[PDB]
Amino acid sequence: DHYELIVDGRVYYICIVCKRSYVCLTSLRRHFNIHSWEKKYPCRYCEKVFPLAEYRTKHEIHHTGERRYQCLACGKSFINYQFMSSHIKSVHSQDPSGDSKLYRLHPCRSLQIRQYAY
């Protein structure tokens, strides 16, 4: 399945197939489905099947059209982090990863994902 590598005390886990390295063992198994496809994640809405659960989920939010990421500076909503960040940097000349709260992530409602409590 894998093999460990230990440098300076820090432990790294290596995919036996593609030799990628992971700090987390959880990340390894998650990544490993790409090779082995033991679990499949089919889109509820079409063709595609994905080797990670979160890839499917992002794809499904695309079909529904829900816009969960909102700019606090002007109200515009976007489908994902990428579009939001892009808008905010170019229109407001600010970075959202930076010191402050520049956007709101609304709960998912156009389908049923895990619901964080904050």
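Start at 1 and count along the sequence shown; that's the residue number. What we label the rigid core is the largest C-alpha set whose atoms superpose within 1.5 Å from one form to the other.
Comparing the two stretches 46-54 and 81-89 by root mean square C-alpha distance in 5 other deposited structures of this protein, with all structures fitted on the core, the more displaced one is 46-54. Once the C-alpha B-factors are averaged per stretch, 27-35 and 83-91 rank with 27-35 first. Mean CA temperature factor is higher for 7-15 when stretches 104-112 and 7-15 are set side by side in the entry.
Between the residues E47, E66, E60, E54, it is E47 that shows the highest Cα B-factor in the PDB record.
Compared with the other modelled residues of the chain, the Cα B-factor recorded for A73 ranks in the middle third.
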